[PDB]
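Q: The following block contains the structure, expressed as structure tokens.
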Amino acid sequence: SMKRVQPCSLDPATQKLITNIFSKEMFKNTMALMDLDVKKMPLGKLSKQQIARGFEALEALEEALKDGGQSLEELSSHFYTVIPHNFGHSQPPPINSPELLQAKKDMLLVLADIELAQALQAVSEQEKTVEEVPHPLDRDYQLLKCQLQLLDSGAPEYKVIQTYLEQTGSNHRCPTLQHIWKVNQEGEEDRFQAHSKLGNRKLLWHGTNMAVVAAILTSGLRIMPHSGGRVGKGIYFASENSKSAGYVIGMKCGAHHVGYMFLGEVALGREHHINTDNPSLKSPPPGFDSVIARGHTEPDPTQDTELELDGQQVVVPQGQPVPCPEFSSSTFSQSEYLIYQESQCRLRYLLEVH
Ligand SMILES: C[C@@H](NC(=O)CCc1nc2ccccc2c(=O)[nH]1)c1ccccn1
């Protein structure tokens, strides 16, 4: 007997978001942008076991990069058997530098989040038996177990967020704000409330691939075993929207380029400042709660405002970037804000920008 499809409860903007973040075209586009062979590795065929085998192959490469073992070419060839790549049907290249190794780790971390979104969409047994089903976009929203509330122009934080975006975004071609959603991923709540005594909270940008937005909404910002970067194995944020915007992978839809950016509330507590890259970091030094790789510039602190979120004061920058003379010789042009415990961040807002 034919099941009733119930009318969609979602507003137009939210329907478009949910469409975009679970879009099979988007996911395949992302795989093509990462040089993967989508014909050999279709979305439905992606598995946790394959991804795990891919990480094992990179682990062997990393050991080799650091005695009569297999060549980097041999070890590369195994990686490429496990995770099919497309380079117009020429041979893929050997993974023979730290930079390329980390780039392959980052690719697999994105691919793991694509696989998460596919696994999330698997049809449950209850769903095969019920005689009515939600509209597919309601079903997809529900799978996130994440409350999203579209804000309008006159929500209390709206202008504050717009100002953060405009003032710290690129001077030329600032991203154009289309929508803001408030994000409430419950049971981020419990673990976040752990740091309730920890002051020094700031609202910070986190930009990402469109392909990982569903995973983040479902699971929060995460630190994975193979996460890395210029400040080690943590969660990376920026106070300058233009820095985070560099990591936004958007997608052409009609005549525009659509992308998504988060704002997280980050309990930074006692800050350890650095001025040179350190990819080996796994925690702040003792008695520090965060590591800030300080940039040549910082949003003018004299213009900071505050928002009250769950009864706590949260700093929100509102100023254009100004020079910080103490960090004029830093290896970082713009600051990178690092935490090394997932519990120190709560997602607060999601922005659609064109
Ligand atoms: C590959 C990793 N993505 C990021 O951390 C990407 C974006 C990011 N990097 C920054 C670095 C410095 C300052 C800001 C940012 C940021 O906003 N985004 C990732 C993707 C999926 C699952 C787990 N980790």
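Quick note on naming: the chains in the structure tokens go A, B, ... in the order shown, residues restart at 1 in each chain, and ligands are numbered from 1 in order of appearance.
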Need the shell around residue 14 of chain A: protein/DNA/RNA residues with any atom at most 9 Å away, counting only C-alpha atoms. Skip same-chain ones fewer than 6 positions apart. Format as a list in words?

A: residues 141, 148, 149, 150 and 181 of chain A

Q: For the contact check between chain A and ligand 1, emit one row per residue of chain A within 8 Å, containing the shortest atom pair and the distance in Å rounded to one decimal, counting only C-alpha atoms and all ligand atoms, chain then rising number order, as CSV.

A:
residue,atom,partner,partner_atom_place_in_ligand_line,distance
A:105,CA,ligand 1,1 (C),7.9
A:106,CA,ligand 1,1 (C),4.5
A:107,CA,ligand 1,1 (C),6.9
A:109,CA,ligand 1,22 (C),4.6
A:110,CA,ligand 1,21 (C),4.3
A:111,CA,ligand 1,21 (C),7.7
A:112,CA,ligand 1,22 (C),7.1
A:113,CA,ligand 1,21 (C),6.0
A:205,CA,ligand 1,17 (O),5.6
A:206,CA,ligand 1,17 (O),3.4
A:207,CA,ligand 1,17 (O),3.9
A:208,CA,ligand 1,7 (C),4.8
A:209,CA,ligand 1,6 (C),7.4
A:212,CA,ligand 1,21 (C),5.8
A:215,CA,ligand 1,22 (C),8.0
A:221,CA,ligand 1,23 (C),7.8
A:222,CA,ligand 1,23 (C),6.3
A:223,CA,ligand 1,23 (C),6.8
A:224,CA,ligand 1,23 (C),6.4
A:227,CA,ligand 1,24 (N),6.0
A:229,CA,ligand 1,11 (C),7.3
A:235,CA,ligand 1,5 (O),6.4
A:236,CA,ligand 1,11 (C),4.8
A:237,CA,ligand 1,14 (C),4.2
A:238,CA,ligand 1,14 (C),4.7
A:243,CA,ligand 1,14 (C),6.0
A:244,CA,ligand 1,17 (O),3.6
A:245,CA,ligand 1,17 (O),6.8
A:246,CA,ligand 1,17 (O),7.7
A:247,CA,ligand 1,7 (C),5.1
A:248,CA,ligand 1,7 (C),7.5
A:261,CA,ligand 1,17 (O),8.0
A:335,CA,ligand 1,13 (C),7.3
A:336,CA,ligand 1,13 (C),4.7
A:337,CA,ligand 1,13 (C),6.8

Q: Could you take the residues named above and write them with N, CA and C atoms, as a compact mmCIF listing (two decimals), in the first residue's frame?

A:
# COMPACT_ATOMS: atom_id res chain seq x y z
N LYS A 105 45.60 12.80 4.10
CA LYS A 105 44.85 12.64 5.37
C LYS A 105 43.61 13.54 5.43
N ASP A 106 43.77 14.80 5.03
CA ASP A 106 42.66 15.74 5.03
C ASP A 106 41.54 15.33 4.03
N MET A 107 41.94 14.86 2.85
CA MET A 107 41.00 14.27 1.89
C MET A 107 40.20 13.13 2.50
N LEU A 109 39.66 12.54 5.64
CA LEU A 109 38.78 13.06 6.72
C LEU A 109 37.49 13.65 6.14
N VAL A 110 37.60 14.34 5.01
CA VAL A 110 36.42 14.83 4.31
C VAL A 110 35.61 13.64 3.79
N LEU A 111 36.28 12.67 3.17
CA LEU A 111 35.59 11.49 2.66
C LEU A 111 34.84 10.70 3.77
N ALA A 112 35.44 10.61 4.96
CA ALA A 112 34.81 10.00 6.13
C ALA A 112 33.52 10.72 6.53
N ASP A 113 33.50 12.04 6.42
CA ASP A 113 32.28 12.80 6.68
C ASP A 113 31.23 12.65 5.59
N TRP A 205 35.06 32.13 13.99
CA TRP A 205 34.68 31.53 12.71
C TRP A 205 35.29 30.15 12.53
N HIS A 206 34.54 29.27 11.85
CA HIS A 206 35.05 28.01 11.36
C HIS A 206 34.46 27.75 9.97
N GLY A 207 35.30 27.81 8.96
CA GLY A 207 34.86 27.56 7.56
C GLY A 207 35.17 26.16 7.14
N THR A 208 34.34 25.51 6.30
CA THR A 208 34.61 24.17 5.86
C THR A 208 34.04 23.87 4.46
N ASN A 209 34.35 22.69 3.92
CA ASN A 209 33.71 22.12 2.74
C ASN A 209 32.20 22.01 3.01
N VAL A 212 31.04 18.58 4.54
CA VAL A 212 31.17 18.14 5.93
C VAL A 212 30.17 18.84 6.86
N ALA A 215 27.82 16.34 8.71
CA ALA A 215 28.56 15.68 9.77
C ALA A 215 28.75 16.60 10.97
N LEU A 221 32.06 19.92 16.07
CA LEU A 221 33.44 20.03 15.59
C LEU A 221 34.27 18.99 16.35
N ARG A 222 35.07 18.26 15.59
CA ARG A 222 35.81 17.14 16.13
C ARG A 222 37.31 17.25 15.89
N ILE A 223 38.06 16.56 16.75
CA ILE A 223 39.47 16.29 16.57
C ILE A 223 39.61 14.81 16.24
N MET A 224 40.19 14.48 15.10
CA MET A 224 40.41 13.06 14.71
C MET A 224 41.85 12.67 14.81
N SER A 227 43.94 14.40 12.23
CA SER A 227 43.82 15.88 12.12
C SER A 227 45.22 16.50 12.30
N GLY A 229 47.81 20.35 11.14
CA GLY A 229 47.86 21.70 10.60
C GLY A 229 49.01 22.43 11.25
N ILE A 235 41.11 21.75 17.05
CA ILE A 235 40.04 22.37 16.27
C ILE A 235 40.50 23.83 16.02
N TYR A 236 40.47 24.22 14.77
CA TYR A 236 40.98 25.49 14.28
C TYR A 236 39.85 26.48 14.09
N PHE A 237 40.04 27.68 14.61
CA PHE A 237 39.14 28.77 14.39
C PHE A 237 39.87 30.06 14.02
N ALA A 238 39.15 31.01 13.49
CA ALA A 238 39.72 32.34 13.19
C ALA A 238 38.84 33.45 13.74
N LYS A 243 40.06 34.76 6.94
CA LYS A 243 40.89 33.57 7.13
C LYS A 243 40.07 32.27 7.00
N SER A 244 38.95 32.20 7.72
CA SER A 244 38.07 31.05 7.64
C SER A 244 37.44 30.89 6.27
N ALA A 245 37.16 32.00 5.61
CA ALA A 245 36.49 31.95 4.31
C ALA A 245 37.35 31.22 3.26
N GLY A 246 38.67 31.26 3.44
CA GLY A 246 39.62 30.50 2.60
C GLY A 246 39.41 28.99 2.57
N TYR A 247 38.72 28.47 3.60
CA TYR A 247 38.49 27.05 3.75
C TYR A 247 37.09 26.68 3.33
N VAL A 248 36.32 27.68 2.90
CA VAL A 248 34.97 27.44 2.50
C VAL A 248 34.99 26.95 1.11
N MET A 261 29.33 28.74 6.62
CA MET A 261 30.40 29.06 7.60
C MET A 261 29.77 28.96 8.95
N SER A 335 45.44 35.31 12.82
CA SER A 335 45.45 34.42 13.96
C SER A 335 44.69 33.11 13.68
N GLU A 336 45.21 32.03 14.26
CA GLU A 336 44.54 30.74 14.34
C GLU A 336 44.35 30.40 15.82
N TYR A 337 43.10 30.18 16.21
CA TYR A 337 42.69 29.90 17.57
C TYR A 337 42.46 28.38 17.70

Q: Residue 264 of chain A: which residues within 8 Å, counting only C-alpha atoms, same-chain residues fewer than 5 positions away excluded, as an MDAnalysis selection string?

A: chainID A and resid 203:206 345:349

Q: For the selection you just gave me, I'd like the residues written to a file as a CSV table (one decimal), in the first residue's frame, keeping N, CA and C atoms.

A:
chain,number,residue,atom,x,y,z
A,203,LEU,N,33.4,34.2,20.3
A,203,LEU,CA,32.6,33.7,19.2
A,203,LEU,C,33.6,33.8,18.0
A,204,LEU,N,33.9,32.6,17.3
A,204,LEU,CA,34.9,32.5,16.3
A,204,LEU,C,34.4,31.8,15.1
A,205,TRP,N,35.1,32.1,14.0
A,205,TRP,CA,34.7,31.5,12.7
A,205,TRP,C,35.3,30.1,12.5
A,206,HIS,N,34.5,29.3,11.9
A,206,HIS,CA,35.1,28.0,11.4
A,206,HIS,C,34.5,27.7,10.0
A,345,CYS,N,34.2,23.8,22.6
A,345,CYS,CA,33.5,24.6,21.6
A,345,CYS,C,32.0,24.1,21.6
A,346,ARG,N,31.1,25.0,21.4
A,346,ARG,CA,29.6,24.7,21.2
A,346,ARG,C,29.3,25.4,19.8
A,347,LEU,N,28.7,24.7,18.9
A,347,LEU,CA,28.2,25.4,17.7
A,347,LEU,C,27.1,26.4,18.1
A,348,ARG,N,27.1,27.6,17.5
A,348,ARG,CA,26.1,28.6,17.9
A,348,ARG,C,25.3,29.1,16.6
A,349,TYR,N,26.0,29.4,15.5
A,349,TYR,CA,25.4,29.9,14.3
A,349,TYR,C,26.0,29.2,13.0

Q: So, counting only C-alpha atoms, which residue among A:127, A:132, A:240, A:35 is closest to residue 170 of chain A?

A: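 Using only C-alpha atoms, residue 170 of chain A sits closest to A:240.
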
Q: Just list as a PyMOL selection string whatever in segment 146-247 of chain A DSSP marks as helix (DSSP H, G or I).

A: chain A and resi 158-168+189-193+210-219+241-245

Q: Just checking: using only C-alpha atoms, which residue out of A:321, A:250, A:136, A:69 ends up closest to residue 169 of chain A?

A: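 Under the stated criterion, the closest residue is A:321.
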
Q: Which residue gives the smallest distance to residue 342 of chain A among A:283, A:70, A:329, A:303, with only C-alpha atoms counted?

A: A:283
